[PDB]
file start-v4.pdb (PDB, C-alpha atoms)
ATOM      1  CA  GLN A   1     -26.242  -1.948  -4.442  1.00  0.00           C
ATOM      2  CA  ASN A   2     -24.352   1.109  -3.200  1.00  0.00           C
ATOM      3  CA  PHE A   3     -24.479   1.951   0.515  1.00  0.00           C
ATOM      4  CA  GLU A   4     -22.455   3.746   3.187  1.00  0.00           C
ATOM      5  CA  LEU A   5     -21.343   2.943   6.723  1.00  0.00           C
ATOM      6  CA  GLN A   6     -20.245   4.618   9.929  1.00  0.00           C
ATOM      7  CA  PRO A   7     -16.616   5.837   9.731  1.00  0.00           C
ATOM      8  CA  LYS A   8     -15.524   3.978  12.878  1.00  0.00           C
ATOM      9  CA  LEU A   9     -16.996   0.631  11.788  1.00  0.00           C
ATOM     10  CA  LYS A  10     -15.614   1.065   8.259  1.00  0.00           C
ATOM     11  CA  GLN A  11     -12.088   1.857   9.481  1.00  0.00           C
ATOM     12  CA  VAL A  12     -11.803  -0.918  12.085  1.00  0.00           C
ATOM     13  CA  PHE A  13     -13.347  -3.748  10.049  1.00  0.00           C
ATOM     14  CA  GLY A  14     -11.606  -2.467   6.924  1.00  0.00           C
ATOM     15  CA  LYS A  15      -8.281  -2.720   8.740  1.00  0.00           C
ATOM     16  CA  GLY A  16      -9.194  -6.212   9.957  1.00  0.00           C
ATOM     17  CA  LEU A  17      -9.482  -7.934   6.577  1.00  0.00           C
ATOM     18  CA  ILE A  18      -6.421  -6.284   5.032  1.00  0.00           C
ATOM     19  CA  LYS A  19      -4.029  -7.335   7.801  1.00  0.00           C
ATOM     20  CA  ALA A  20      -5.665 -10.755   7.635  1.00  0.00           C
ATOM     21  CA  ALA A  21      -4.410 -10.881   4.040  1.00  0.00           C
ATOM     22  CA  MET A  22      -0.968  -9.838   5.315  1.00  0.00           C
ATOM     23  CA  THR A  23      -0.553 -12.814   7.644  1.00  0.00           C
ATOM     24  CA  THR A  24      -2.359 -15.499   5.638  1.00  0.00           C
ATOM     25  CA  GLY A  25      -1.400 -14.354   2.119  1.00  0.00           C
ATOM     26  CA  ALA A  26      -4.896 -15.212   0.940  1.00  0.00           C
ATOM     27  CA  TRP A  27      -6.773 -14.636  -2.304  1.00  0.00           C
ATOM     28  CA  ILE A  28      -9.675 -12.208  -1.971  1.00  0.00           C
ATOM     29  CA  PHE A  29     -12.643 -12.837  -4.272  1.00  0.00           C
ATOM     30  CA  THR A  30     -14.766  -9.720  -4.841  1.00  0.00           C
ATOM     31  CA  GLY A  31     -17.537  -8.536  -7.113  1.00  0.00           C
ATOM     32  CA  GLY A  32     -14.984  -6.421  -8.961  1.00  0.00           C
ATOM     33  CA  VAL A  33     -17.070  -3.367  -9.879  1.00  0.00           C
ATOM     34  CA  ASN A  34     -16.926  -0.335  -7.565  1.00  0.00           C
ATOM     35  CA  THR A  35     -20.406  -0.238  -6.001  1.00  0.00           C
ATOM     36  CA  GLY A  36     -21.400  -1.079  -2.434  1.00  0.00           C
ATOM     37  CA  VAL A  37     -19.403  -3.716  -0.566  1.00  0.00           C
ATOM     38  CA  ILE A  38     -16.735  -3.848  -3.297  1.00  0.00           C
ATOM     39  CA  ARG A  39     -16.365  -0.055  -3.210  1.00  0.00           C
ATOM     40  CA  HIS A  40     -16.004  -0.280   0.577  1.00  0.00           C
ATOM     41  CA  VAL A  41     -13.271  -2.930   0.481  1.00  0.00           C
ATOM     42  CA  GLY A  42     -11.403  -1.064  -2.256  1.00  0.00           C
ATOM     43  CA  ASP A  43     -11.238   1.968   0.019  1.00  0.00           C
ATOM     44  CA  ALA A  44     -10.382  -0.411   2.875  1.00  0.00           C
ATOM     45  CA  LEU A  45      -7.240  -1.779   1.164  1.00  0.00           C
ATOM     46  CA  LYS A  46      -6.496   1.838   0.072  1.00  0.00           C
ATOM     47  CA  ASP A  47      -6.710   2.829   3.762  1.00  0.00           C
ATOM     48  CA  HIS A  48      -3.894   0.858   5.419  1.00  0.00           C
ATOM     49  CA  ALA A  49      -2.970  -1.941   2.991  1.00  0.00           C
ATOM     50  CA  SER A  50      -1.627   0.668   0.557  1.00  0.00           C
ATOM     51  CA  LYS A  51       0.995   1.616   3.171  1.00  0.00           C
ATOM     52  CA  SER A  52       1.854  -1.984   4.159  1.00  0.00           C
TER
ATOM     53  CA  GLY B   1      29.710  -5.333 -23.009  1.00  0.00           C
ATOM     54  CA  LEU B   2      27.537  -4.941 -19.903  1.00  0.00           C
ATOM     55  CA  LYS B   3      24.752  -3.819 -22.237  1.00  0.00           C
ATOM     56  CA  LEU B   4      22.180  -6.644 -22.021  1.00  0.00           C
ATOM     57  CA  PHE B   5      19.752  -6.076 -24.907  1.00  0.00           C
ATOM     58  CA  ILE B   6      16.573  -7.121 -23.125  1.00  0.00           C
ATOM     59  CA  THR B   7      13.409  -8.063 -25.017  1.00  0.00           C
ATOM     60  CA  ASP B   8      10.142  -6.193 -24.390  1.00  0.00           C
ATOM     61  CA  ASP B   9       8.561  -8.511 -21.792  1.00  0.00           C
ATOM     62  CA  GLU B  10      11.788  -8.801 -19.772  1.00  0.00           C
ATOM     63  CA  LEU B  11      12.096  -5.004 -19.942  1.00  0.00           C
ATOM     64  CA  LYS B  12       8.486  -4.653 -18.749  1.00  0.00           C
ATOM     65  CA  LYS B  13       9.214  -6.870 -15.741  1.00  0.00           C
ATOM     66  CA  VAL B  14      12.293  -4.680 -15.106  1.00  0.00           C
ATOM     67  CA  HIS B  15      10.001  -1.611 -15.093  1.00  0.00           C
ATOM     68  CA  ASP B  16       7.516  -3.290 -12.732  1.00  0.00           C
ATOM     69  CA  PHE B  17      10.329  -4.262 -10.340  1.00  0.00           C
ATOM     70  CA  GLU B  18      11.601  -0.687 -10.462  1.00  0.00           C
ATOM     71  CA  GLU B  19       8.191   0.854  -9.643  1.00  0.00           C
ATOM     72  CA  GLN B  20       7.920  -1.605  -6.747  1.00  0.00           C
ATOM     73  CA  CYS B  21      11.336  -0.517  -5.419  1.00  0.00           C
ATOM     74  CA  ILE B  22      10.353   3.173  -5.715  1.00  0.00           C
ATOM     75  CA  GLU B  23       7.195   2.486  -3.691  1.00  0.00           C
ATOM     76  CA  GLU B  24       9.172   0.650  -0.983  1.00  0.00           C
ATOM     77  CA  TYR B  25      11.678   3.529  -0.747  1.00  0.00           C
ATOM     78  CA  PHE B  26       8.887   6.114  -0.395  1.00  0.00           C
ATOM     79  CA  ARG B  27       6.957   4.114   2.218  1.00  0.00           C
ATOM     80  CA  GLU B  28      10.236   3.464   4.061  1.00  0.00           C
ATOM     81  CA  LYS B  29      11.212   7.123   4.344  1.00  0.00           C
ATOM     82  CA  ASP B  30       7.630   7.946   5.359  1.00  0.00           C
ATOM     83  CA  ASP B  31       8.075   5.292   8.051  1.00  0.00           C
ATOM     84  CA  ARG B  32      11.391   6.841   9.138  1.00  0.00           C
ATOM     85  CA  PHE B  33       9.872  10.328   9.306  1.00  0.00           C
ATOM     86  CA  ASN B  34       6.838   9.115  11.254  1.00  0.00           C
ATOM     87  CA  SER B  35       9.035   7.149  13.709  1.00  0.00           C
ATOM     88  CA  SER B  36      11.773   9.765  14.177  1.00  0.00           C
ATOM     89  CA  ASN B  37      12.012  11.506  17.558  1.00  0.00           C
ATOM     90  CA  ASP B  38      11.127  15.038  16.411  1.00  0.00           C
ATOM     91  CA  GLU B  39       7.856  14.146  14.677  1.00  0.00           C
ATOM     92  CA  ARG B  40       6.718  12.040  17.655  1.00  0.00           C
ATOM     93  CA  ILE B  41       7.361  15.045  19.921  1.00  0.00           C
ATOM     94  CA  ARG B  42       5.455  17.342  17.511  1.00  0.00           C
ATOM     95  CA  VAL B  43       2.380  15.111  17.157  1.00  0.00           C
ATOM     96  CA  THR B  44       2.401  14.371  20.903  1.00  0.00           C
ATOM     97  CA  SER B  45       2.598  18.081  21.803  1.00  0.00           C
ATOM     98  CA  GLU B  46      -0.193  19.154  19.424  1.00  0.00           C
TER
END
call {"tool": "encode", "arguments": {"input": "start-v4.pdb", "output": "structure tokens"}}
result
Amino acid sequence: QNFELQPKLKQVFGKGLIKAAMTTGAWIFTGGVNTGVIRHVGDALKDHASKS
Amino acid sequence: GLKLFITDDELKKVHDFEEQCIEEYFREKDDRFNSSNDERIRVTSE
């Protein structure tokens, strides 16, 4: 289901997983559809992984 | 003579390469602007 988070926790943890994918080159399994945790990690990779 | 008549899929991969190179050029000049001396002084001062 759709939720929302604090901006500081969303930005720091969102930056953590995307630079994890930088160093490890991993595959990231998601739910796919933009609602809730998948909508949060889509905005997370669109936060700093879109510029790196 | 230097007119390689590429098929559609090869041409599509050429397009995708070219969009990738455009994105790297744009992010690179954004990096150069955000790491140049003048912009650091501006952001620091404000």
call {"tool": "resolve_selection", "arguments": {"input": "start-v4.pdb", "expression": "the PyMOL selection byres ((chain B) within 12 of (chain A))", "output": "PyMOL selection string"}}
result
chain B and resi 23-31
call {"tool": "resolve_selection", "arguments": {"input": "start-v4.pdb", "expression": "the PyMOL selection byres ((chain A and resi 17) around 10)", "output": "PyMOL selection string"}}
result
chain A and resi 12-16+18-22+28+41+44-45+49
call {"tool": "atom_distance", "arguments": {"input": "start-v4.pdb", "atom1": "atom CA of residue 48 of chain A", "atom2": "atom CA of residue 2 of chain A"}}
result
22.2 Å
call {"tool": "atom_distance", "arguments": {"input": "start-v4.pdb", "atom1": "atom CA of residue 20 of chain B", "atom2": "atom CA of residue 25 of chain A"}}
result
18.1 Å
call {"tool": "residues_around", "arguments": {"input": "start-v4.pdb", "residues": "segment 31-40 of chain A", "least_positions_apart": "5", "cutoff": "8 Å", "atoms": "only C-alpha atoms", "output": "PyMOL selection string"}}
result
chain A and resi 1-4+10
call {"tool": "atom_distance", "arguments": {"input": "start-v4.pdb", "atom1": "atom CA of residue 23 of chain A", "atom2": "atom CA of residue 6 of chain A"}}
result
26.4 Å
call {"tool": "axis_aligned_box", "arguments": {"input": "start-v4.pdb", "around": "segment 8-26 of chain B", "padding_each_side": "5 Å", "output": "JSON"}}
result
{"center_x": 9.7, "center_y": -1.3, "center_z": -12.4, "size_x": 15.1, "size_y": 24.9, "size_z": 34.0}
call {"tool": "build_atoms", "arguments": {"input": "start-v4.pdb", "residues": "segment 4-29 of chain A", "atoms": "N, CA, C and O atoms", "output": "PDB file, in the frame of the given file"}}
result
ATOM      1  N   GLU A   4     -23.490   3.068   2.421  1.00  0.00           N
ATOM      2  CA  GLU A   4     -22.455   3.746   3.187  1.00  0.00           C
ATOM      3  C   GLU A   4     -22.548   3.287   4.634  1.00  0.00           C
ATOM      4  O   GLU A   4     -23.591   2.803   5.085  1.00  0.00           O
ATOM      5  N   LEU A   5     -21.447   3.446   5.362  1.00  0.00           N
ATOM      6  CA  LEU A   5     -21.343   2.943   6.723  1.00  0.00           C
ATOM      7  C   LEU A   5     -20.836   4.041   7.648  1.00  0.00           C
ATOM      8  O   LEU A   5     -20.453   5.129   7.209  1.00  0.00           O
ATOM      9  N   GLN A   6     -20.857   3.741   8.946  1.00  0.00           N
ATOM     10  CA  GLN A   6     -20.245   4.618   9.929  1.00  0.00           C
ATOM     11  C   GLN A   6     -18.727   4.619   9.747  1.00  0.00           C
ATOM     12  O   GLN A   6     -18.145   3.593   9.391  1.00  0.00           O
ATOM     13  N   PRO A   7     -18.075   5.772   9.948  1.00  0.00           N
ATOM     14  CA  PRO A   7     -16.616   5.837   9.731  1.00  0.00           C
ATOM     15  C   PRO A   7     -15.803   4.980  10.688  1.00  0.00           C
ATOM     16  O   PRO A   7     -14.732   4.490  10.307  1.00  0.00           O
ATOM     17  N   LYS A   8     -16.273   4.789  11.923  1.00  0.00           N
ATOM     18  CA  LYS A   8     -15.524   3.978  12.878  1.00  0.00           C
ATOM     19  C   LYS A   8     -15.632   2.492  12.556  1.00  0.00           C
ATOM     20  O   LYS A   8     -14.651   1.751  12.687  1.00  0.00           O
ATOM     21  N   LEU A   9     -16.819   2.036  12.146  1.00  0.00           N
ATOM     22  CA  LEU A   9     -16.996   0.631  11.788  1.00  0.00           C
ATOM     23  C   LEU A   9     -16.309   0.306  10.467  1.00  0.00           C
ATOM     24  O   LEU A   9     -15.828  -0.816  10.268  1.00  0.00           O
ATOM     25  N   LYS A  10     -16.263   1.274   9.548  1.00  0.00           N
ATOM     26  CA  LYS A  10     -15.614   1.065   8.259  1.00  0.00           C
ATOM     27  C   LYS A  10     -14.097   1.002   8.414  1.00  0.00           C
ATOM     28  O   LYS A  10     -13.429   0.212   7.736  1.00  0.00           O
ATOM     29  N   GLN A  11     -13.538   1.815   9.315  1.00  0.00           N
ATOM     30  CA  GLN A  11     -12.088   1.857   9.481  1.00  0.00           C
ATOM     31  C   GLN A  11     -11.567   0.637  10.232  1.00  0.00           C
ATOM     32  O   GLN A  11     -10.503   0.106   9.895  1.00  0.00           O
ATOM     33  N   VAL A  12     -12.291   0.184  11.259  1.00  0.00           N
ATOM     34  CA  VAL A  12     -11.803  -0.918  12.085  1.00  0.00           C
ATOM     35  C   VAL A  12     -11.943  -2.245  11.346  1.00  0.00           C
ATOM     36  O   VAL A  12     -10.990  -3.032  11.264  1.00  0.00           O
ATOM     37  N   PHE A  13     -13.129  -2.509  10.792  1.00  0.00           N
ATOM     38  CA  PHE A  13     -13.347  -3.748  10.049  1.00  0.00           C
ATOM     39  C   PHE A  13     -12.585  -3.743   8.731  1.00  0.00           C
ATOM     40  O   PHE A  13     -12.159  -4.800   8.253  1.00  0.00           O
ATOM     41  N   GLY A  14     -12.420  -2.566   8.125  1.00  0.00           N
ATOM     42  CA  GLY A  14     -11.606  -2.467   6.924  1.00  0.00           C
ATOM     43  C   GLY A  14     -10.141  -2.757   7.186  1.00  0.00           C
ATOM     44  O   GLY A  14      -9.453  -3.335   6.342  1.00  0.00           O
ATOM     45  N   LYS A  15      -9.646  -2.371   8.365  1.00  0.00           N
ATOM     46  CA  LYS A  15      -8.281  -2.720   8.740  1.00  0.00           C
ATOM     47  C   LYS A  15      -8.157  -4.192   9.110  1.00  0.00           C
ATOM     48  O   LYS A  15      -7.058  -4.753   9.037  1.00  0.00           O
ATOM     49  N   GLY A  16      -9.260  -4.825   9.518  1.00  0.00           N
ATOM     50  CA  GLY A  16      -9.194  -6.212   9.957  1.00  0.00           C
ATOM     51  C   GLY A  16      -8.943  -7.190   8.823  1.00  0.00           C
ATOM     52  O   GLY A  16      -8.136  -8.115   8.956  1.00  0.00           O
ATOM     53  N   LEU A  17      -9.636  -7.007   7.696  1.00  0.00           N
ATOM     54  CA  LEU A  17      -9.482  -7.934   6.577  1.00  0.00           C
ATOM     55  C   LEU A  17      -8.164  -7.740   5.840  1.00  0.00           C
ATOM     56  O   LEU A  17      -7.642  -8.696   5.254  1.00  0.00           O
ATOM     57  N   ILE A  18      -7.612  -6.526   5.839  1.00  0.00           N
ATOM     58  CA  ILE A  18      -6.421  -6.284   5.032  1.00  0.00           C
ATOM     59  C   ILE A  18      -5.172  -6.798   5.740  1.00  0.00           C
ATOM     60  O   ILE A  18      -4.225  -7.255   5.089  1.00  0.00           O
ATOM     61  N   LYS A  19      -5.142  -6.740   7.074  1.00  0.00           N
ATOM     62  CA  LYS A  19      -4.029  -7.335   7.801  1.00  0.00           C
ATOM     63  C   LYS A  19      -4.230  -8.830   7.995  1.00  0.00           C
ATOM     64  O   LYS A  19      -3.277  -9.533   8.344  1.00  0.00           O
ATOM     65  N   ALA A  20      -5.454  -9.321   7.784  1.00  0.00           N
ATOM     66  CA  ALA A  20      -5.665 -10.755   7.635  1.00  0.00           C
ATOM     67  C   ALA A  20      -4.994 -11.271   6.371  1.00  0.00           C
ATOM     68  O   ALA A  20      -4.404 -12.357   6.370  1.00  0.00           O
ATOM     69  N   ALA A  21      -5.073 -10.499   5.282  1.00  0.00           N
ATOM     70  CA  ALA A  21      -4.410 -10.881   4.040  1.00  0.00           C
ATOM     71  C   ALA A  21      -2.896 -10.737   4.136  1.00  0.00           C
ATOM     72  O   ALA A  21      -2.169 -11.340   3.339  1.00  0.00           O
ATOM     73  N   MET A  22      -2.406  -9.925   5.078  1.00  0.00           N
ATOM     74  CA  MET A  22      -0.968  -9.838   5.315  1.00  0.00           C
ATOM     75  C   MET A  22      -0.429 -11.140   5.893  1.00  0.00           C
ATOM     76  O   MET A  22       0.561 -11.692   5.397  1.00  0.00           O
ATOM     77  N   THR A  23      -1.071 -11.645   6.945  1.00  0.00           N
ATOM     78  CA  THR A  23      -0.553 -12.814   7.644  1.00  0.00           C
ATOM     79  C   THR A  23      -0.822 -14.106   6.883  1.00  0.00           C
ATOM     80  O   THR A  23       0.043 -14.988   6.832  1.00  0.00           O
ATOM     81  N   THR A  24      -2.002 -14.238   6.276  1.00  0.00           N
ATOM     82  CA  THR A  24      -2.359 -15.499   5.638  1.00  0.00           C
ATOM     83  C   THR A  24      -1.995 -15.547   4.161  1.00  0.00           C
ATOM     84  O   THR A  24      -1.958 -16.643   3.592  1.00  0.00           O
ATOM     85  N   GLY A  25      -1.730 -14.398   3.537  1.00  0.00           N
ATOM     86  CA  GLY A  25      -1.400 -14.354   2.119  1.00  0.00           C
ATOM     87  C   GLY A  25      -2.509 -14.840   1.214  1.00  0.00           C
ATOM     88  O   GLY A  25      -2.236 -15.461   0.181  1.00  0.00           O
ATOM     89  N   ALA A  26      -3.759 -14.571   1.575  1.00  0.00           N
ATOM     90  CA  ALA A  26      -4.896 -15.212   0.940  1.00  0.00           C
ATOM     91  C   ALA A  26      -5.259 -14.530  -0.376  1.00  0.00           C
ATOM     92  O   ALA A  26      -4.782 -13.439  -0.705  1.00  0.00           O
ATOM     93  N   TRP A  27      -6.116 -15.204  -1.137  1.00  0.00           N
ATOM     94  CA  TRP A  27      -6.773 -14.636  -2.304  1.00  0.00           C
ATOM     95  C   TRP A  27      -8.133 -14.097  -1.883  1.00  0.00           C
ATOM     96  O   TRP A  27      -8.835 -14.718  -1.080  1.00  0.00           O
ATOM     97  N   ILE A  28      -8.499 -12.941  -2.422  1.00  0.00           N
ATOM     98  CA  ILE A  28      -9.675 -12.208  -1.971  1.00  0.00           C
ATOM     99  C   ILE A  28     -10.611 -12.090  -3.168  1.00  0.00           C
ATOM    100  O   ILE A  28     -10.396 -11.246  -4.047  1.00  0.00           O
ATOM    101  N   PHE A  29     -11.646 -12.925  -3.211  1.00  0.00           N
ATOM    102  CA  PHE A  29     -12.643 -12.837  -4.272  1.00  0.00           C
ATOM    103  C   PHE A  29     -13.618 -11.707  -3.969  1.00  0.00           C
ATOM    104  O   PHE A  29     -14.121 -11.598  -2.846  1.00  0.00           O
TER     105      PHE A  29
END
